[PDB]
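A, B, ... follow the sequence lines: proteins, then strands. Residue 1 opens every chain.
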Amino acid sequence: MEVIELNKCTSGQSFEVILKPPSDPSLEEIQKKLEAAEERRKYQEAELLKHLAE
Amino acid sequence: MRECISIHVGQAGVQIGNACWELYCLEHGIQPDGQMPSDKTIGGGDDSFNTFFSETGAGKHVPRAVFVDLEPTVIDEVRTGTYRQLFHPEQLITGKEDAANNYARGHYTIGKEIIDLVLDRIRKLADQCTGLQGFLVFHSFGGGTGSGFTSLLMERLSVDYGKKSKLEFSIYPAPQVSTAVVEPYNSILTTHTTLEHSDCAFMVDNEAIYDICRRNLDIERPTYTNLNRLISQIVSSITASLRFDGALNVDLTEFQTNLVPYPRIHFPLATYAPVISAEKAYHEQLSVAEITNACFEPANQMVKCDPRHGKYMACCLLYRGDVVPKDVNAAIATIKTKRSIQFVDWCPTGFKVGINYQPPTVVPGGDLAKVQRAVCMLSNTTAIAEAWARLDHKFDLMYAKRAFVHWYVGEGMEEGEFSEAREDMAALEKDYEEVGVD
Amino acid sequence: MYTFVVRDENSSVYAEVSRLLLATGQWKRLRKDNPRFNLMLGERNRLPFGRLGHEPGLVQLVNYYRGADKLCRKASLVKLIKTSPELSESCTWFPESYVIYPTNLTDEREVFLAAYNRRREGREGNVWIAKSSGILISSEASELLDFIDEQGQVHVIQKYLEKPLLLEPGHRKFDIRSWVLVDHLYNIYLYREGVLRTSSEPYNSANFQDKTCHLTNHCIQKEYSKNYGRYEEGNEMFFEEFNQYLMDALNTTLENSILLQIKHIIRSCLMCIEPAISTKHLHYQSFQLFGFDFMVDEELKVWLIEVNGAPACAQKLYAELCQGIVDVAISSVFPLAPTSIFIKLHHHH
Amino acid sequence: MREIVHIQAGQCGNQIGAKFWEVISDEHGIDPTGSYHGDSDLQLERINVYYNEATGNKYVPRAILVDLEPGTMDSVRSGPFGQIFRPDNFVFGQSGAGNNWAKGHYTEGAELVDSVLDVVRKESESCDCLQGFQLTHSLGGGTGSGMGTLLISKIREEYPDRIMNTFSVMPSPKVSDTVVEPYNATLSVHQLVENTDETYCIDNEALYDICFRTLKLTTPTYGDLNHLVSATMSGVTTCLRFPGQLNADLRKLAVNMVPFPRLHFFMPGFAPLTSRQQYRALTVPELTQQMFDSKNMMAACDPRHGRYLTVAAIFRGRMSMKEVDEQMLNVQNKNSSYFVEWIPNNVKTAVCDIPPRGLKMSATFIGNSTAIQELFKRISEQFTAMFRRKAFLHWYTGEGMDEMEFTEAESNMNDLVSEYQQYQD
Ligand SMILES: Nc1nc2c(ncn2[C@@H]2O[C@H](COP(=O)(O)OP(=O)(O)OP(=O)(O)O)[C@@H](O)[C@H]2O)c(=O)[nH]1
Ligand SMILES: Nc1ncnc2c1ncn2[C@@H]1O[C@H](COP(=O)(O)OP(=O)(O)CP(=O)(O)O)[C@@H](O)[C@H]1O
Ligand SMILES: Nc1nc2c(ncn2[C@@H]2O[C@H](COP(=O)(O)OP(=O)(O)O)[C@@H](O)[C@H]2O)c(=O)[nH]1
Ligand SMILES: [Ca+2]
Ligand SMILES: [Ca+2]
Ligand SMILES: [Ca+2]
Ligand SMILES: [Mg+2]
Ligand SMILES: [Mg+2]
Ligand SMILES: [Mg+2]
């Protein structure tokens, strides 16, 4: 039961008590994912329009 | 002095953000018009509260915050509300139509078209900072914006602000206050793509906040206002060290250093006490031992789970009010002899304690009663993995039938992103079990 | 209308409880994976406790205490007794035991050999028994350890009661099974009816190789013993007969000579782990039936052998006990539209 | 500003649509001349969802009235709230459709459709952020069925990402006009399967049995039947027209009600339904029991014969929201065998403080149940009884259709029936 690193100031204080010792995607890559998904949306909408054109 | 930028995403993030900045202002003596009488340095200063507030020549203290929502009705409340004068219009960003509770819609369809604008508005806040620490990101798991757009924003923030910390306040989905059935999908989709970008995330389960409001505050059917005012007390207790003079958790990096020894396991459990009803005749003021002992009761955890059957990796005690170090240790010793507190062997069995002499501020007319002392315990338990298990199970039930999947595929997302995200969660559950179980 | 689910089809006990529940007309059974339930008759291993108590407007109850395995596991029990100050290492009602890990994997190998060498030098009885979760009784430490190394799981070595109480006629060993029910309020209820699983073979102290007179298990006596069912039907004596025997022979009652120690042991073990497994302030509730096994020596001293977390019942007592489970464990939380069969062991929570 | 464009087509569609605007115009305080005269700001908070605001504070419904003959729409123009409709939004021909799907879809309807879309486009161009469309029509006639689905097809072509909702009256031999109604309904259902996000299946026999057995109307009229549909349409749209802690958005309702794109046919219900013992107060339990009673549902399908994929419930009036949650959880927790277990928490509830006209409180039911397959089975059986003898086909082959298009509609609906069957097991 030890207290360490006791720091005190006008608005409070803080310390540490020890009870026992122990024993990314680049900017270019993110644009590809966004544009890839937008392209799959365009393809699905084109098939719908093509279907409606038939 | 180093600045922190807060980002509120979606309805949950924006409304919770509303309650926090309302509370911050009351805590720092800032009026709704931005003026701060106690601030003796007009139009400048490097005081602790300046990490969250900037200052104009006219003496206005402006939050370092951005509010983002794909639909305008929630942020319109901010524009005409009590604190409409705090923020300027550039800080409030709203689209025309929301993500319809569809992760894919917020992340891809709509997010792609507004992400560059959001980064530009954040870059403007960054340009006012002499030493930006990082970001605090508020959002829900269940919403299409809170889930899908947030994960997109986090990816870009890692690109534009590499060396900056990012912490989260995430609302875990609870059916009692949700008419959305696809939230398990969204929760797991946003956890998978945000995991590598968030240094530390504080999950709040609406189920837990809901039952605290009914049990402690005697609210029969709590509202978002009730829930948010309570959540903003926990948030304030967590961010107090950044806004007030102190030596514990003085910068965002310290949260990871003190609470996250392993990167993927960065979801500390929050526990808060006491929560007393203002309508009560008059409550007996609880002692340091009693409020500290309450930190190990499941009934006041932000996530219902049993820490007795997990292991602790870290543990912080954040006290506010009349608390001296002598009494804290007297309560800790009394609790080690009664409670089942099991630490991982590769971690010290101890507690970092912070004490702020200013007691919790309560919103006038709010639900919470003024207390002489309060504590918030941040502990990294493997027991919080119960929430991942509950959520992953609901995911598996719907995905086994592909229910609602077409809504996501129809927005340009591939079906393989589901299993890819689910397999990551299965690995996350495995990491917890390797650390906690024997 | 109350709802429950059955996730352990092999449980004879809760198969009858489910039968009784449906017979009331006020309980309805659901598929084993339906989450909207009041009561879960859960599985033995890997019961998903984390998914309980998260259904809005449902008070959920389960028939197992999360964390009770610490008491119902051979190795766990030893560790619990030696490390818990409530029980202490000097616990007088539990045989001297040690945890021994096979050499192909802390471990108490050296601690055991020290106490062993002490008994060997002091002319004292030095007969131990090795078991785990396949039993070996020997008086040589070399055989006990070599036997565990040939396996691949943890084991425990404890003093073998060389002076057991022998029923007459027969000169035969036995053990006592006590069923204990712990409800959601952590009341400890001891079923008024116990059973003695007796050996139909005369106890032989100079031959531990033939384990038919040393192991009183109902399956060993009914498979390897040649006198099964001679003295009592199914090698199962009930308290009425056993009590009458203790009076005719030993001029004492079962309550005084044995039952006091049994109730004391049950209380000590269950009160010890109460802070770790209590569901008092938990989002769900638990109860559990336990099977305590006791040994009685010739001095009328009771020793604790083990605790079973999923025990079966004697065929003659299924109806009474299963009905008692519904009364104090299920209906107490989910009431329906005596002279209790249990003995409430009061204690301080 | 989440505007909805309303379209009503044919006799049934315009008479039901007329009453709909009559009911909600009353709820929002709009008089027959479009002038507001209510007393609560709640009435105007979401008023632009269904109304356009003209000069002088005049509110004009965002509705388009379509028919292939003039009679029905002259009645509307002369009806109670006839003057409230924008005169330009009356689009009609003179030929009629002879209860013939082919005439509404391919010949007569095709000549008129472009001019309808011109008005639709005009209404959309004045929407700050168009939320989607709703159509009222029957499936047993010619205009609402044939031209109605033709309009849906062209609307989805021009607004592919907008939500398309229909209130579709399903024919029944007991409340029948002509024998060819199964032909027109089978042909329409396939269109709806492909091109709508939500279809509220309203069965005329269910409406009839309710008026006769429950409301004790000795001789029901179409008028009486339409009163039930008005009240039901007002209930389901309460989410959109008034404020509440729920942020109901057409696409959000669809996202949480439709787990599979083709299974978007709903069973609507309403409670209370009281004969004239009409002043009695209705407790929350009674409201909830009735709302889940099959006799209160308007698809004439027994929900106990299937399982609910999803359920949405709207409670109206000043009541115990706590007591609402209790009774709703009681209904699920007492009959969980009729809800699929692979869609967790699939029963959602919304509350609204403003009750309907003349009621302290009410409850509207929206069920996505696999029992709806019974409704498509009836139609399919009636279709095949005639089609196997090619009876009455000349009315359709005379308009350019071929028998093959009938065989394909037949197979399309038997597939829909099969799809509901696999999710019921
Ligand atoms: N605690 C709390 N939770 C909220 C609040 N608002 C919404 N939620 C929760 O958030 C989830 C719904 O997501 P939202 O944040 O409303 O959706 P969104 O982020 O705006 O995304 P959209 O789909 O575009 O609307 C549900 O689980 C709600 O319970 C709030 O103000 N406080
Ligand atoms: N230390 C000891 N001294 C004397 N006998 C012992 C003993 N340990 C075990 N036994 C004998 O072994 C039998 C019980 O063995 P144990 O309970 O360890 O195995 P087990 O758990 O598979 C049986 P169950 O769980 O069904 O009660 C008793 O009949 C007893 O006679
Ligand atoms: N509920 C209701 N059903 C109607 C009404 N008018 C017609 N129907 C039904 O609709 C079908 C006839 O379609 P109808 O609308 O008259 O043909 P259309 O004008 O060419 O679209 C039949 O099944 C009728 O029973 C009405 O006013 N109310
Ligand atoms: Ca200053
Ligand atoms: Ca990073
Ligand atoms: Ca012509
Ligand atoms: Mg939103
Ligand atoms: Mg055993
Ligand atoms: Mg007609």
Heavy-atom closest contact (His197(B) atom, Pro25(A) atom, distance): CE1-CD, 3.9 Å
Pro22(A) side chain reached by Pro348(B) side chain, heavy atoms, under 4.5 Å: yes
Heavy-atom check, side chain of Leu27(A) versus side chain of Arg156(B), under 4.5 Å: yes
pair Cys316(B)-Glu16(A): side-chain heavy atoms closer than 4.5 Å: no
Interchain contact, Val353(B) with chain A, by part (heavy-atom threshold 4.5 Å): both
Euclidean distance, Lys112(B) NZ relative to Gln31(A) CD, rounded to 0.5 Å: 7.0 Å
Portion of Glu113(B) that has a non-hydrogen atom of chain A nearer than 4.5 angstrom: side chain
Winner by heavy-atom pair count (cut-off under 4.5 Å) against chain A, out of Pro325(B), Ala104(B), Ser158(B), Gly111(B): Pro325(B)
Side-chain donor or acceptor of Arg41(A) paired with backbone N/O of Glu411(B) under 3.5 Å: yes
CG-CD distance between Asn329(B) and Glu2(A), expressed to the nearest 0.5 angstrom: 11.0 Å
Flag side-chain contact, heavy atom, 4.5 Å: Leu248(B) against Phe15(A): no
Note, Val159(B) side chain near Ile30(A) side chain (heavy atom, < 4.5 Å): yes
Chain A contact via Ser48(B) - which portion, at a heavy-atom distance below 4.5 Å: neither
Proximal component of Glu38(A), with respect to chain B [non-hydrogen, under 4.5 Å]: side chain
Portion of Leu152(B) that has a non-hydrogen atom of chain A nearer than 4.5 angstrom: side chain
Straight-line distance of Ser23(A) OG to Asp345(B) CG, nearest 0.5 Å: 4.5 Å
Nearest non-hydrogen partners of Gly412(B) and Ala37(A), listed with the distance: O-CB, 3.1 Å
Rounded distance (nearest 0.5 Å) linking atom CD1 of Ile4(A) with atom NZ of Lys352(B): 8.0 Å
Over 12 non-hydrogen atoms of neighbours within 6.0 angstrom of CD in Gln44(A): yes
Region of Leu318(B) in contact with chain A, defined by heavy-atom distances below 4.5 Å: neither
Distance (rounded to the nearest 0.5 Å) between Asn7(A) CG and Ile355(B) CD1: 12.0 Å
Pairwise side-chain contact, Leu317(B) with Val17(A), heavy-atom cut-off 4.5 Å (strictly under): no
Choice from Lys33(A), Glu45(A), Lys20(A) maximising heavy atom contacts with chain B below 4.5 Å: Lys20(A)
Trace of the side chain to side chain contact (heavy atoms under 4.5 Å, CB included) decision for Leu19(A) with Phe351(B): CA-CA 8 Å; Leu19(A) 314 181; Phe351(B) 306 85; 3.3 Å; yes
Residue part contacting chain A, namely of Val328(B), when any heavy atom lies under 4.5 Å: side chain
With sequence neighbours excluded, residues passing ring-ring contact (aromatic ring centres under 6.0 Å, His included) with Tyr357(B): none
Rounded distance (nearest 0.5 Å) linking atom CG of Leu34(A) with atom NE2 of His107(B): 5.5 Å
